[PDB]
Amino acid sequence: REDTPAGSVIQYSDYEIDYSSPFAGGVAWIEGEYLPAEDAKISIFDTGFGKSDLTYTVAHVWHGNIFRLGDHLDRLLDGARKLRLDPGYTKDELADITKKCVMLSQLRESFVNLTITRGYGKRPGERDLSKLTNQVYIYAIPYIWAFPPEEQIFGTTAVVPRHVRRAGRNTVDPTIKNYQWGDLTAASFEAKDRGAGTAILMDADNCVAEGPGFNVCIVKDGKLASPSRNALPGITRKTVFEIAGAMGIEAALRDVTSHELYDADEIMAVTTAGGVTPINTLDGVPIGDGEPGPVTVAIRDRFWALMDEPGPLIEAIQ
Amino acid sequence: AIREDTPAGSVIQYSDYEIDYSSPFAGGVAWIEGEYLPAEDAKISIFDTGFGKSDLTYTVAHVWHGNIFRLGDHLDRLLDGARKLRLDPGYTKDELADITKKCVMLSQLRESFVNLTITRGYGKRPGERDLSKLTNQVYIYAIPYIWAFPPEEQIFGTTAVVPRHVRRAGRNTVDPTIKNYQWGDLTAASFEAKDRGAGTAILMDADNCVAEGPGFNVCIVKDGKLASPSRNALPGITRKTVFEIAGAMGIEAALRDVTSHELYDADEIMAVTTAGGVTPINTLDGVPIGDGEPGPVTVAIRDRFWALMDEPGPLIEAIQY
Amino acid sequence: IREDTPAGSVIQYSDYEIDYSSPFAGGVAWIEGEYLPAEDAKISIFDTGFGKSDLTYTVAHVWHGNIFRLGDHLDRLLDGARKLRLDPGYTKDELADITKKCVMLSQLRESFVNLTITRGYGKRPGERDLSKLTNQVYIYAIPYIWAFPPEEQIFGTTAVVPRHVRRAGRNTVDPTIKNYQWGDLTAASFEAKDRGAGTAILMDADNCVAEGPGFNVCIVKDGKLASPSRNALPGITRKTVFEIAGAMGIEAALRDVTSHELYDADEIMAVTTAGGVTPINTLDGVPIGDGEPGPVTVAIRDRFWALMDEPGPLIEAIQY
Amino acid sequence: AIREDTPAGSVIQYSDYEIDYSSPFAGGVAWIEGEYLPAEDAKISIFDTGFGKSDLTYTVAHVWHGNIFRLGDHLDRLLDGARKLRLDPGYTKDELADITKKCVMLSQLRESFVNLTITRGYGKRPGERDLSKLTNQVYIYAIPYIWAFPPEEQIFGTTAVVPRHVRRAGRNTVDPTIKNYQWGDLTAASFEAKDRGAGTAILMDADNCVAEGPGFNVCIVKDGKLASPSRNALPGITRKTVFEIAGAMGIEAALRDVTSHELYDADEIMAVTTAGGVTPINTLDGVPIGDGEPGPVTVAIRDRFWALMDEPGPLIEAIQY
């Protein structure tokens, strides 16, 4: 755990881990073996390294509840299929290994990763895709924040990069979650150099794409919009649209132009790693009053209440 | 296997020799977290952000008849990319040279694919957020020779398509001017080439200018002058060598935009990379270039390239086995 | 003027005689508030609609003496004018009245009708200050222009995806506002003609379908229709096609259509004011379906032509 | 109408002369369908596909102190672009030169903006579709001098922004390497620069490389070397002149990609164009370039460029009035 704002909707669990188990605090599952995370190593010759030839997903565990594991496995497996990767495990088999990683970890708040790689052959530097055995790697480790708890509650700041744009769907395709962060990293660097929390990247046509590890939603005239084309089909975004529909807020996946981002009444980053993050400022200009907007507060607070409501989560049997 | 067939009497012949397999380094070495290891033992932390974020750069050098080719030039390119990415190898050029050559020496390979990678690395604990807290890692390996195109295709040529569905990432995205493992577009291009029954793909950039192929630079010949893309392409050391050879032969060679029209109107196309050298491209979208057979400039430059690997000079250093 | 159309096809010109005693007979232009015979129609070389192509326009057709969806065209024309910061200085109902008088005076029952709004010119040639330019409205009704010959409307045309050209994106020369800036379209048409094809289907920056030289592209896949949403003119023919599809129980979506989905389509059609709905039989020489007009394309095209003879809100008969 | 204020003692000064208005050509001449007309009277067919399709190319030459600048180069670039578009002017270079110089003479203007346009034209029928059936048209005019930037800004400099919402059309769309009237992107950029209270816009291409501005090339100076975009930009005659001027001063000048990083980090930025020459850019996105005053290479190149309008030589030719 770490500090969250007092009385805010984000609070870690009160519990102590039994460290007599060497799995305590973090677990990896690799080449069919459960390992302490600090022991988790892969072949340097996995073409998931050499070619970043792989897809992944991340799911969070909050108050011992893993959130939308099924929706996560469905997007993982659909992406795997598109890349011609084969986990060699069923959805239900991967669910049980994931859940057992969390259980061994004893973590009630956990960042959880499933990665499917093209893998390695019998020989180092085997090139025939046909001779490479695809690898599944899973791990469960302490909760990770794209933005700190206090920014979740009080908001962060963004810039649109001067020097970077998002890779297009016809290049390094962002519609399949991948580890190819060349643009996303350069954009994070540009945001830190300019003293800003994060970056919102544009596509080739000056429509919003996404940010380094999150989707973007804007609110204008009480209506929500998130980019349809050059962005990951996020599960936090999916959750946010379900929330909005329940609240009677119109929510469209469509092209959001550069004009629309700069003219927004609210902007938010949505992601598995910390949920809903208000963006108070864009290029050093406040959005609305420069404090988290009211649709972003309502959806963020609703998001975190979901994590204690039996329904679309499952308690880890710790 | 330390060897495979090459066309009999061609300019491509592996070395005749025997590896002493009592040594456990025999046939492949990796240098990981300061330790020499048999290639097959070689593992990195899954929490290296060179995996999780492909936050790294690298170079590939080849060894042919016991000679490492242009190691100086590959360490210059590697460390300049590393500096642009704000990576620090924590080793000097001269130190990385010695560690590379000891990998080859220990492997006993006379023909070798050599990789130097520099990753952003990991922190004290897994998924460290703060970049300032990640320790950059360098990995080096020397394994048996890898061919971007088979020996047979080096001599008889390959075929190529321009993808219907794919383009090269631009320098303002995942920047191709810094060697990287971010191959999403290159893997896609390769699949589309394979589905279309072709040897390979030649990717266009956003402006319908030639970029490069999956693991190689493209050079064209038109009316006896040679050209290769300047923008959305790795500054290849093979391409640098090709330009030097053209220059010596009195052939004009230019780094400039090659338009889609220029690719399609070319008298010769060739692929050039460390991993196999100079590959003639006979056809493009099922239309013969020249006569459908390797071009005269391609052949002369390729044969000179392979002659370079046996000539005492500044481009090669003999591994002291 | 009229043209051979296939015998018994849904496309037939009117049978009628023009009175060539009137100098307006066969083609009218409305320029600087004066009605002229098409052939006398001239604009200042110094109109920045020329030297900058700083303008928007629309095209409506007249078929069997009925002008089709003039209100929709005026709405799109004026919506674009406002986004280019142009002022026609005439209301919708005024332009509607001028347009209908152009056709009446032409006596054409089958007509290509242009409305252009340019930034215009100042008191001097070469005026710099955009604010000192008087915006111009130009309107003509001339004989019917075919984006594809009547024969091709009935029996289909052939398409290529250009090797050398892409559609200008919405952040450059914006295709979502009808314009005369055809550099890409003209390039794409030359490449199609050089490759012996009927026309070109252009991609955008991301390998999504944009549109063709003067038309929207619709695909059919597994009985469902789709048409690009981003780098494409919001076509009024496309709009009719969607309305028809809806009434037929055919699902129809404005969305991204990938290069994949174009090459894998069960049907491809072009849709434009200048000739309606054209089957695309072949793409880069490969048959689409059986290489003859697809079933959904035929049903929708034949419906589209029937709309031009049915009393109702989409047509208005010209009072000759 | 024929002169406006220039800064006193500046290198930019209009000529002292009186025009005889007993000529109907005095102060503006157009040549349209083989007839000389007063500018005021110059009209084209609304059915010219140079209008309805902007299917055309053109060039602009300036006259200064009764001298027309590089008319030969302008005719070469015009005719090259017309052949690329499969336009045929129906006149030779020397015939176009004779008519151009005769427009300037009938104008009586010593300072003049001179436009040659070649259009695809019209057929016998309004709205002919077959390009084979269209008669290519030539339109030439000579009107009073036109300033992309006012004289004051030529001497004391202007301010630029990079657009937030607009990019230059690439060479594979509406090609900027062939001078054209298709200003959709450039007009939107000017409107964004005006809304942002800035002198002008410098547009980027798809790869975040500098393209050009609305009606001008961009040059940057860095560590005393000059660079100007090679790809998505008109090969400008002013830029050509600046590069010749740069070389005669011992300043290195490259046509190459200028990244977004190079533009923002420039020691000097200048706009170069036929309509007013070399304009210093003092500020980019409100950030001063150098000391926020015209740069030393900018000033030296500009002052030399205006001296070229008086020196007898191959760059200028006296109009016989």
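Each answer follows from the model by the rule given with it, or from the source it names; no laboratory read-out is quoted. With ideal geometry, Cβ positions are generated from the backbone for all residues, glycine too; neighbour counts draw on all protein chains shown.
Quick check on my filter: what residues within region D:206-215 are surrounded by 24 or more Cβ atoms within 10 Å (Cβ to Cβ), under 20 Å from the mean Cα position of the chain (by Cα) and within 14 Å of another protein chain (Cβ to nearest Cβ)? Steps first, answer last, please.
Going through region D:206-215, the residues surrounded by 24 or more Cβ atoms within 10 Å (Cβ to Cβ) turn out to be D:206-207, D:209-213.
Right, trim to under 20 Å from the mean Cα position of the chain (by Cα) and you get D:210-213.
Across region D:206-215, the qualifying residues are D:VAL210, D:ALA211, D:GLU212.
Can you find even one residue in region B:313-321 that is on the phi < 0 side of the Ramachandran plot, hydroxyl-bearing (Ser, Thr, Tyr) and not in a helix (DSSP H, G or I)?
yes
So for region B:42-59 (the condition being farther than 28 Å from A:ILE116 by Cα, buried (at least 21 other Cβ atoms within 10 Å of the Cβ) and outside the structural domain of B:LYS240 (by TED's automatic domain parsing)), does at least one residue qualify? I'd like the intermediate steps shown before the answer.
Step one: list which residues in region B:42-59 are farther than 28 Å from A:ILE116 by Cα, which gives none.
No.
Whether any residue in region A:268-283 is free of Cβ contacts under 8 Å to residues at least 60 places away in the same chain and charged (D, E, K, R) is what I want to check.
The answer is no; no qualifying residue exists.
Out of everything in region A:86-145 that is part of a loop (DSSP other than H, G, I, E, B), more than 11 Å from every other protein chain (Cβ to nearest Cβ) and at positive phi, what residue ends up being surrounded by the fewest Cβ atoms within 10 Å (Cβ to Cβ)?
A:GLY88
Does region C:146-185 hold any residues that are among the β-branched types (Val, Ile, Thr) and either surrounded by fewer than 22 Cβ atoms within 10 Å (Cβ to Cβ) or more than 7 Å from chain D (Cβ to nearest Cβ) (or both), and which are they? Steps first, answer last, please.
The initial filter retains those residues of region C:146-185 that are among the β-branched types (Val, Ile, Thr), namely C:154, C:157-158, C:160-161, C:165, C:172-173, C:176-177.
Listed by number, the residues that qualify are C:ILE154, C:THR157, C:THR158, C:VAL160, C:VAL161, C:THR176, C:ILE177.
Within region B:261-300, restricting attention to residues that are within 14 Å of chain C (Cβ to nearest Cβ) and touching a strand residue (DSSP E or B) at 6+ places or on another chain (Cβ under 6 Å), which residue is nearest to B:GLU153 (Cα to Cα)?
Step one: list which residues in region B:261-300 are within 14 Å of chain C (Cβ to nearest Cβ), which gives B:261-266, B:284-287.
Now drop any that are not touching a strand residue (DSSP E or B) at 6+ places or on another chain (Cβ under 6 Å), which leaves B:263, B:266, B:284-285.
Numbers: B:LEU263: 20, B:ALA266: 20, B:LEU284: 15, B:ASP285: 17 Å.
The selected residue is B:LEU284.
Give me the pairs: first residue in region C:53-65 and away from chain D (no Cβ under 13 Å) and over 14 Å from C:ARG76 (Cβ atoms), second residue surrounded by 24 or more Cβ atoms within 10 Å (Cβ to Cβ) and not aliphatic (A, V, I, L, M), beta-carbon distance under 8 Å, and six or more apart or on different chains, which are they?
From region C:53-65, the pairs are C:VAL62/C:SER111.
Which of the residues that make up region B:173-204 are among the basic types (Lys, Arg) and under 20 Å from A:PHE49 (Cα atoms)? So that I can check it myself, show each step before the final result.
From region B:173-204, those among the basic types (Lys, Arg) are B:179, B:194, B:196; that's our starting set.
The answer is B:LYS179, and nothing else.
Taking D:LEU87 and the conditions (1) buried (at least 21 other Cβ atoms within 10 Å of the Cβ); (2) more than 9 Å from chain C (Cβ to nearest Cβ); (3) touching a residue at least 60 places away in the same chain (Cβ under 8 Å), which numbered condition does it fall short on, given that it satisfies the others?
The failed condition is (3).
Pick out the one residue from A:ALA209, A:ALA244, A:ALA251 that is under 18 Å from the mean Cα position of the chain (by Cα) and assigned by TED's automatic domain parsing to the domain that holds A:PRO294. Give the derivation first.
On the way: A:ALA244 fails: under 18 Å from the mean Cα position of the chain (by Cα); A:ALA251 fails: under 18 Å from the mean Cα position of the chain (by Cα).
It is A:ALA209.
Across region D:299-316, what is the number of residues that are surrounded by 15 or more Cβ atoms within 10 Å (Cβ to Cβ) and under 16 Å from D:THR274 (Cα atoms)? Before you say what the answer is, go through the steps one by one.
Taking region D:299-316 as the starting set, the residues that turn out to be surrounded by 15 or more Cβ atoms within 10 Å (Cβ to Cβ) are D:299-306, D:308-309, D:315-316.
When the remaining residues are screened for being under 16 Å from D:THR274 (Cα atoms), the result is D:301-306, D:308-309, D:315-316.
Residues that pass the stated criteria total 10.
Just checking, does region C:216-237 include any residue being within 10 Å of chain D (Cβ to nearest Cβ) and not aliphatic (A, V, I, L, M)?
Filtering region C:216-237 for residues within 10 Å of chain D (Cβ to nearest Cβ) gives none.
No, region C:216-237 has no match at all.
Please go through region A:72-115 and give me each residue that is farther than 16 Å from A:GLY32 by Cβ and acidic (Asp, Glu), ordered by number.
Once the filter is applied, which keeps residues that are farther than 16 Å from A:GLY32 by Cβ and acidic (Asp, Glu), region A:72-115 yields A:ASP74, A:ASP78, A:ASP92, A:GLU109.
Just the residues that are among the small types (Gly, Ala, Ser) and buried (at least 19 other Cβ atoms within 10 Å of the Cβ), please, taken from region A:286-318.
A:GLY293, A:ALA316
Of all residues being of a type in the set (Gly, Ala, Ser) and within 21 Å of the chain's Cα centre (by Cα) in region D:225-262, which is farthest from D:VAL162 (Cα to Cα)? Just the residue, please.
Here is the first cut: in region D:225-262, the residues of a type in the set (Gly, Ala, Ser) are D:227-228, D:230, D:233, D:236, D:246-248, D:250, D:253-254, D:260.
If we keep only those that are within 21 Å of the chain's Cα centre (by Cα) too, we end up with D:227-228, D:230, D:233, D:236, D:246, D:253-254.
Working: D:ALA227: 18, D:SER228: 16, D:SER230: 19, D:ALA233: 16, D:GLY236: 21, D:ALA246: 26, D:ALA253: 23, D:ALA254: 22 Å.
Taking the candidates together, the pick is D:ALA246.
Any residue in region C:1-24 that is closer than 25 Å to C:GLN153 by Cβ sitting within a Cβ distance under 8 Å of a residue that is loosely packed, with under 14 Cβ neighbours inside 10 Å? List the pairs, counting only those 6 or more apart or interchain.
The qualifying pairs are C:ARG2/C:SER14; C:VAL10/C:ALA306; C:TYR13/C:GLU3.
Which of the residues belonging to region C:12-40 are aromatic (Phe, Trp, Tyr) and under 25 Å from the mean Cα position of the chain (by Cα)?
C:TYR13, C:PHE24, C:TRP30, C:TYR35
Tally the residues that are surrounded by fewer than 19 Cβ atoms within 10 Å (Cβ to Cβ) and away from chain C (no Cβ under 14 Å), restricting the search to region D:102-135.
The qualifying residues number 3.
In region C:269-285, is there at least one residue being farther than 30 Å from C:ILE18 by Cβ, within 14 Å of chain B (Cβ to nearest Cβ) and surrounded by fewer than 18 Cβ atoms within 10 Å (Cβ to Cβ)?
yes
Would you confirm, using the coordinates I've provided, whether A:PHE241 is of a type in the set (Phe, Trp, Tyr) and touching a residue at least 40 places away in the same chain (Cβ under 8 Å)? Talk me through it step by step, then tell me what you get.
Values: of a type in the set (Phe, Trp, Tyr): yes; touching a residue at least 40 places away in the same chain (Cβ under 8 Å): no.
No, not satisfied.
What do you reckon, is D:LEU109 aliphatic (A, V, I, L, M) and either closer than 30 Å to D:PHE191 by Cα or assigned by TED's automatic domain parsing to the domain that holds D:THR274 (or both)? Please lay out each step first, then the result.
Details: aliphatic (A, V, I, L, M): yes; either closer than 30 Å to D:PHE191 by Cα or assigned by TED's automatic domain parsing to the domain that holds D:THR274 (or both): no.
No; evaluated as a whole, the condition is false for this residue.
For region B:182-190, does any single residue satisfy the condition of being surrounded by fewer than 24 Cβ atoms within 10 Å (Cβ to Cβ), of a type in the set (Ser, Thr, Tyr), within 19 Å of the chain's Cα centre (by Cα) and within 12 Å of another protein chain (Cβ to nearest Cβ)?
yes
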